[PDB]
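Enquirer:
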Ligand SMILES: Cc1cc(CCCCCOc2ccc(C3=NCCO3)cc2)on1
Ligand SMILES: Cc1cc(CCCCCOc2ccc(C3=NCCO3)cc2)on1
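Protein chains in written order, with the authors' numbering: chain 1, 17 to 73; chain 1', 17 to 289; chain 1'', 17 to 289; chain 2, 8 to 262; chain 4, 29 to 68; chain 4', 29 to 68; chain 4'', 29 to 68; chain 3, 1 to 236; chain 3', 1 to 59; chain 3'', 1 to 59. A prime marks a further copy of an entry chain.
Structure (structure tokens):
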């Protein structure tokens, strides 16, 4: 799984970082929408935040 | 496997025993390069020198003590050993320490065994079985203040309850923040002029806290806790020179002043046997 | 299997019962060589005379004793039995000893059982469960000096913790330096004129050390340790004459002076029944 | 006619030639390489100035005399002020690097003396005070000057006792670390290639030094009769495969 | 048989049986052959 | 191996490995595409 | 079933069922047959 | 309910046993491993790297000088140094080899002892190193020494000489803590001809000496080292 | 009778262990589940919804 | 957790029982065996060698 993909300079008409929060959504913006990133992998599953785990001790 | 091959007289232009140590290598010279040998087999694998084996037996890492007594009128439970804690660390007791510091970075799961024995110093009667509670308190968790705080509810924090005289055992995965634990760290936590130097800054693993669950009887009971640690699934990188001088502190390399010569002086000459 | 075959009258030139013992042989003569027999079967295998069976049951090899008491002001823990040790050896108690010395060289794994029972000689109260620590101290290891030395950390040395009244059990591979243990050794450790003679020089197996982990209660408690040893995976070479006279020392063959006749004198003649 | 003996290292816009080498050591048998993605954590693209940072900087020279005890430099500290390497260093949040270290000391066939040149990963120093006294920052960040083991104890500084490696271990066992000797009779330089060694993929270049280079006289310098009793030792070091990441405002560090 | 779900809970690991001293005993850049001259 | 007959007696459940934040993060009636204008 | 890894930890060995007294009862160099004269 | 019987040893804690345990942190995910040069797998890997021996032990406080074996110009027939081979004690004891051997009870195998010469390049010398196998005394003169394992070393361009102490033994293991029965011999070194310095040169020259184990080597039965102890627990 | 040995840790209660237990109510039938909008499976699902920060903390 | 019942005899030590035990020295390698003439397997092997009888016991 990639945690971040590689992304480079941008000069577009397509701006993912401008939104309208009045709508009630949290738009899924990522580091790679606003800086230049390199690939990295997650190495993690989110196992210990499962509700079974959270309420299970 | 052969430990030595058979080899006979030599009169060559090819001399394996002359080398240049300035290069930094240790050339793999064998008995058969300089005497006449006979075949012999190894009969041995080097099993018990594997690092998993070397670091894999339980070592005592900590001895603490708590007492069961009437807390009535005690203004500071922590101070009365009504419960006590331990700022987890593996460098406080120094037998296991020298073994680990043969390496720079080490990675392993831990298996803890906790033995708790009771002592009744002041002539006594009937001892009612005490149950110890060991609970792990990680960094940024409500540290406990009395021996019976809400903290001990430990609703999200792993805790084990066992009886004095018995042993508790459980195993914790490698909890390091990086890829390995640093046995050494030549750095600071930030570039301040007075911040501590060493690892102590690095191995912020929080502390472990013990208490007796029982209320008090008429006499007082001393319970002494011994924590044993066994590394399992060991991985070690970069060997270093063994520790020669005595240790003075958890987490610093410092040795004591006016220490004694560590190399044994000859009783005789260089020429002596 | 037949134990005896059927055999009838004989009038031969072939006499199996006349031999020459000067040769060193024991000729395999049977009932059927000299009387008339009938067939009979063995019905038996000789199972319980196998050397694995003969040396394979636990035998008491050592009884020692340690006490739990206030060490305050004791200048010599070892001497107060605050802990004690044992210079491992298998020849100190002599029931198992005669059995082993039927052979010259013996090779086996050991299974140890350690029973520890407590005694309270001086009229007492409540006895808090004592936990014994047995730790193996091999040759060239920091011998322990107080009952709570760094030694007891035992970070590299196998140690077992069990409760008084219980038993501890574990098994140690054949730790001999050679291919077998010498039951006898007609040699010295070197050609000096005054060095000891025997095996004691050979079976340098180091010692075992016991202590109570508990601090002291108001009364004193005597704990007496019994070590049992069972050979498993036995291999024995070269049978010898059984021991006739009493033993005097661990590791020497010496018998006591003015000992008594070991062969029972007849009450009567050679002719007596 | 290639000898183990003559060598040329060209890195960036700078070249070194030695006509009296004794092979070269590559720590742990690994050559410096960039940070692979599979090992990456920070999502930032890194900056690889290449030839402007991966060239040879020659630190100021030392003087070996019969009384010398040895010198110690820390990396990347020693280079904190060299050209654009240094700027990059103070300006990014994180950086990573390997190095080629070339230590130089020539004499004549009448001199004797032998230096140990060793690289120690994570050399945590000891306070000469004992107990749990710390070693202040400035003291472990001597810069190009390095630490002079024959200088006096100072307060908040490290211990400078050579038979103990500045940490409670014996000089004799430093040989377990990648190292090379300079024996006037054999050798005139020592070269060690250092791959990046850390427990994290990239780190801060200012709060943590990841190797100390140590040059220690072991067989005392002995000059021919009526020779001047000393020789200079020069250390030239080149960052290799350097990467910087997390650019911003420019760190301010004590002293 | 593992009775437990997590990997940390399993017993000790089993012998590397890896063993390669050359990273420590011969970290030289140009390969040295035993028997050939050290410095050419 | 379950040793007991009833389901309540079995151990903890195993990870949902479900995970879908959109019911919480994007409950909008007309779909919003990142990059397209929020309000047209 | 061995529960333990090392061989020393296994139970007792099992009967040799070897049994050959001749090394002890007839170590003579030239073979003696029962019934034939001992000394010829 | 399945019928069971518990055996002797139940409830004991043996620091050396290896079993499974419940994890206190169910479901936790450890940090990924990244690559780090230098991984060690066996202590046998590292005792083959040679380290310096403080052979010149004759000082009174630890000094860099006890690593230096001095050589005198123009002496003939004489003896350069001597030592027994109790690798767990004496000169050997602080070396990495000595230091590891001390974690085990028994050792067997060949040792590699080398000497690197540091004198001016225009000097010359011929030394003899001799290994004396157990059973005889430390040699008292070269004649005595030369009848056992020996190497005539000719000081040249090639700066170091590697002597091997081949495993000579009845018993297949020796004790690391010095023991008689189990003793390994002596090592001595003498002038074969003599050190000669060039003109304009003077004084003593020194040899550095190293020790490492051959690939031959075996160590077994781990135990605690006499090389480290303590009187109270340390704190931060 | 099968021979056993008990290990260190026997009888301990670790609040984080996960094992089987006898049901006190053998054979009881729980109420059927009906559908309810909003099921949460991971805390990671919810920390992606944004909430307001009291940034102006100065009161 | 599997349900068990312990029988009479639990915890006893019978010097003649034969079971497995943990090795105190995990991974240790014993010295190789070499050949030695004279191996004994059964006491039945040796009681077939004849020995002298002090028949004249009258002393
Ligand atoms: C280096 C180095 C390595 C270590 C050991 C780290 C161990 C991780 C944290 O240790 C514990 C200890 C106890 C418990 C515990 N949970 C319930 C009872 O005890 C959990 C984690 O410390 N320093
Ligand atoms: C002949 C002959 C044979 C023997 C027996 C040798 C046994 C080897 C060493 O014995 C022990 C004893 C105890 C322990 C021990 N480890 C942890 C607790 O006890 C280990 C080895 O002694 N003499």
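No residue lacks a Cβ here, since even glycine has one placed at the ideal position from N, Cα and C.
Can you tell which of 223 (chain 3), 188 (chain 3), 164 (chain 3) and 159 (chain 3) has its C-alpha closest to the C-alpha of residue 173 (chain 1'')?
Expert: Counting from 1 along the third chain, the entry for residue 173 (chain 1'') is found at position 157. For residue 173 (chain 1''), the nearest C-alpha among the options comes from 223 (chain 3).
Enquirer: Is residue 113 (chain 1') helix, strand or coil when you go by DSSP?
Expert: For the purposes of this step, residue 113 (chain 1') is taken as the residue at position 97 of the second chain. Looking at residue 113 (chain 1') - three-state DSSP - the assignment turns out to be helix.
Enquirer: Cβ of residue 175 (chain 1'') versus every heavy atom of ligand 2: is any distance shorter than 8 Å?
Expert: For the purposes of this step, residue 175 (chain 1'') is identified with residue 159 of the third chain, where counting begins at 1. The answer is yes for residue 175 (chain 1'').
Enquirer: Give, in chain order, every unbroken run of the beta strand (DSSP E) that is at least 3 residues long and sits entirely within the segment 107-164 of chain 2.
Expert: Taking only runs of at least 3 residues, the beta strand (DSSP E) segments lying wholly in the segment 107-164 of chain 2 are 119-128.
Enquirer: Between residue 36 (chain 4) and residue 190 (chain 1'), is the Cβ-Cβ spacing less than 9 Å?
Expert: Translated into the one-based positions of the fifth chain, residue 36 (chain 4) becomes position 8. Translated into the one-based positions of the second chain, residue 190 (chain 1') becomes position 174. Contact flag set, yes.
Enquirer: Taking only runs of the alpha helix (DSSP H) that begin and end inside the segment 100-161 of chain 1', which ones reach a length of at least 4 residues, in chain order?
Expert: Segments of the alpha helix (DSSP H) lying fully in the segment 100-161 of chain 1': 110-116.
Enquirer: Could you tell me the alpha carbon to alpha carbon distance between residue 128 (chain 1') and residue 64 (chain 1), rounded to whole angstroms?
Expert: By one-based count along the second chain, residue 128 (chain 1') stands at place 112. By one-based count along the first chain, residue 64 (chain 1) stands at place 48. Whole-angstrom Cα-Cα distance: 22 Å.
Enquirer: Measure the C-alpha to C-alpha separation of residue 155 (chain 3) and residue 206 (chain 3) and round it to an integer number of angstroms.
Expert: Locating residue 155 (chain 3) in the eighth chain gives position 155, where the first residue counts as 1. Locating residue 206 (chain 3) in the eighth chain gives position 206, where the first residue counts as 1. Each residue's Cα considered, the two are about 12 Å apart.
Enquirer: Any residues in the segment 238-272 of chain 1' with a beta carbon nearer than 9 Å to a beta carbon of chain 2? Which ones, in chain order?
Expert: Those would be 253, 254, 255, 256, 257, 258, 259, 260, 261, 262, 263, 264, 265, 266, 267, 268, 269, 270, 271 and 272, in chain order.
Enquirer: At which residue ranges does the segment 128-186 of chain 3 contain complete beta strand (DSSP E) runs of 3 or more residues, listed in the order of the chain?
Expert: Qualifying beta strand (DSSP E) stretches, in chain order: 149-154 and 160-165.
Enquirer: Does ligand 1 have even one heavy atom less than 8 Å from the beta-carbon of residue 245 (chain 1')?
Expert: Translated into the one-based positions of the second chain, residue 245 (chain 1') becomes position 229. Yes, the Cβ of residue 245 (chain 1') comes within 8 Å of a heavy atom of ligand 1.
Enquirer: Which word fits residue 95 (chain 1'), buried or exposed, when buried means at least 16 other C-beta atoms lie within 10 angstroms of its C-beta?
Expert: As a working note, residue 95 (chain 1') is residue 79 in the second chain. Under this definition residue 95 (chain 1') is an exposed residue.
Enquirer: Taking the CB atoms as reference points, tell me whether residue 201 (chain 2) and residue 105 (chain 2) lie closer together than 9 Å.
Expert: Mapped onto the fourth chain, residue 201 (chain 2) falls at position 194. Mapped onto the fourth chain, residue 105 (chain 2) falls at position 98. Going by C-beta atoms, residue 201 (chain 2) is nearer than 9 Å to residue 105 (chain 2).
Enquirer: Just the Cα atoms here: how many angstroms apart are residue 107 (chain 2) and residue 38 (chain 2)?
Expert: Here residue 107 (chain 2) corresponds to residue number 100 of the fourth chain, with the count starting at 1. Here residue 38 (chain 2) corresponds to residue number 31 of the fourth chain, with the count starting at 1. Distance between the alpha carbons of residue 107 (chain 2) and residue 38 (chain 2): 10 Å.
Enquirer: With a threshold of 16 other CB atoms inside 10 Å of the CB of residue 45 (chain 3'), please say whether the residue is buried or exposed.
Expert: Counting from 1 along the ninth chain, the entry for residue 45 (chain 3') is found at position 45. Flag for residue 45 (chain 3') reads buried.
Enquirer: Helix, strand or coil for residue 15 (chain 2)? Go by DSSP, reduced to three states.
Expert: By one-based count along the fourth chain, residue 15 (chain 2) stands at place 8. DSSP places residue 15 (chain 2) in strand when its eight states are reduced to three.
Enquirer: Can you tell me whether DSSP reads residue 256 (chain 2) as helix, strand or coil?
Expert: Locating residue 256 (chain 2) in the fourth chain gives position 249, counting from the first residue. Coil.
Enquirer: Does the contact criterion of 3 or more C-beta pairs under 8 Å hold for the segment 104-118 of chain 1' versus the segment 45-54 of chain 1'?
Expert: No, because fewer than three Cβ pairs between the segment 104-118 of chain 1' and the segment 45-54 of chain 1' fall closer than 8 Å, the two stretches do not touch.
Enquirer: Between which two residues does the alpha helix (DSSP H) carrying residue 61 (chain 2) extend?
Expert: For this step, residue 61 (chain 2) is matched to residue 54 along the fourth chain. Residue 61 (chain 2) -> no alpha helix (DSSP H), and no H or E assigned at all.
Enquirer: Would you list, in chain order, the members of the segment 86-100 of chain 3 that have their beta-carbon closer than 9 Å to a beta-carbon of chain 3'?
Expert: The segment 86-100 of chain 3 vs chain 3', Cβ under 9 Å: nothing.
Enquirer: Pick from 24 (chain 1''), 261 (chain 1'') and 234 (chain 1''): whose alpha carbon is nearest that of residue 141 (chain 1'')?
Expert: Locating residue 141 (chain 1'') in the third chain gives position 125, where the first residue counts as 1. Looking at the Cα atoms, 234 (chain 1'') is the closest of the given residues.
Enquirer: Just to make sure I have the definition right: I need the residues of chain 1' whose C-beta is within less than 7 Å of the C-beta of residue 29 (chain 2). Which are they?
Expert: Walking along the fourth chain from the start, residue 29 (chain 2) turns up at place 22. Those within 7 Å of residue 29 (chain 2) in chain 1' are 36, 38 and 39.
Enquirer: Take residue 236 (chain 1'') as the anchor and find which of 138 (chain 1''), 267 (chain 1'') and 150 (chain 1'') has the nearest alpha-carbon.
Expert: Walking along the third chain from the start, residue 236 (chain 1'') turns up at place 220. Checking every option, the nearest Cα to that of residue 236 (chain 1'') belongs to 138 (chain 1'').
Enquirer: Determine the direct distance from the alpha carbon of residue 19 (chain 2) to that of residue 235 (chain 2), and round the result to whole angstroms.
Expert: Position 228 of the fourth chain, counted from the first residue, corresponds to residue 235 (chain 2). Position 12 of the fourth chain, counted from the first residue, corresponds to residue 19 (chain 2). Those two C-alpha atoms are separated by around 37 Å.
Enquirer: Would you list, in chain order, the members of the segment 5-22 of chain 3 that have their beta-carbon closer than 7 Å to a beta-carbon of chain 3'?
Expert: Listed in sequence order: 5, 6, 7, 9, 10, 11, 13, 19, 21 and 22.
Enquirer: Could you name the residues of the same chain whose beta carbon sits closer than 6 Å to that of residue 131 (chain 1'), not counting the 5 residues immediately before and after it, in chain order?
Expert: As a first step, residue 131 (chain 1') is located in the second chain; it is residue number 115 there, counting from the start. The residues are 183 and 242.
Enquirer: Is residue 58 (chain 1) close to ligand 2? I mean its beta-carbon at under 8 Å from any heavy atom of the ligand.
Expert: Residue mapping note: residue 58 (chain 1) aligns to position 42 of the first chain, counting from 1. Outside the cutoff, so no.
Enquirer: Which residues bound the alpha helix (DSSP H) around residue 201 (chain 2)?
Expert: Along the fourth chain, one-based indexing puts residue 201 (chain 2) at 194. Counting along the chain, residue 201 (chain 2) falls outside any alpha helix (DSSP H), though it belongs to the beta strand (DSSP E) covering 196-201.
Enquirer: Shorter than 9 Å from the beta carbon of residue 29 (chain 3) to some beta carbon of chain 2?
Expert: The count along the eighth chain starts at 1 and reaches residue 29 (chain 3) at position 29. False, the Cβ-Cβ gap to chain 2 never drops below 9 Å.
Enquirer: Under 9 Å, Cβ to Cβ, is there at least one residue of chain 3 near residue 231 (chain 1')?
Expert: To locate residue 231 (chain 1'), count along the second chain from 1; it is residue 215. Not one chain 3 Cβ lies under 9 Å of residue 231 (chain 1').
Enquirer: In chain order, what residues of the same chain lie with their CB nearer than 8 Å to the CB of residue 150 (chain 3), ignoring the 5 residues before and after it?
Expert: What you label residue 150 (chain 3) is simply residue 150 of the eighth chain in a count that begins at 1. Here the set comprises 128, 129, 130 and 131.
Enquirer: Below 7 Å on C-beta distance, what does residue 60 (chain 1') contact in chain 3''?
Expert: Reading the second chain from its first residue, position 44 is the one you call residue 60 (chain 1'). Within chain 3'', the residues near residue 60 (chain 1') are 29.
Enquirer: May I ask you to list, following chain order, the residues of the segment 178-194 of chain 1'' that have a beta carbon less than 7 Å from some beta carbon of chain 4''?
Expert: Residues 187, 188 and 189.
Enquirer: With burial defined as no fewer than 16 other Cβ atoms inside 10 Å of the residue's Cβ, what is the status of residue 130 (chain 2): buried or exposed?
Expert: Counting from one through the fourth chain, the residue named residue 130 (chain 2) turns up at place 123. Its Cβ being crowded by 16 or more others within 10 Å, residue 130 (chain 2) is buried.
Enquirer: Sort 43 (chain 1''), 208 (chain 1''), 35 (chain 1'') and 245 (chain 1'') by Cα distance to residue 49 (chain 4'') and report the nearest one.
Expert: Locating residue 49 (chain 4'') in the seventh chain gives position 21, counting from the first residue. Comparing Cα positions, the closest option is 43 (chain 1'').
Enquirer: I want to see whether chain 2 comes within less than 9 Å of residue 118 (chain 1), judged by CB atoms only; does it?
Expert: The question about residue 118 (chain 1) has no answer, for chain 1 in this structure spans 17 to 73.
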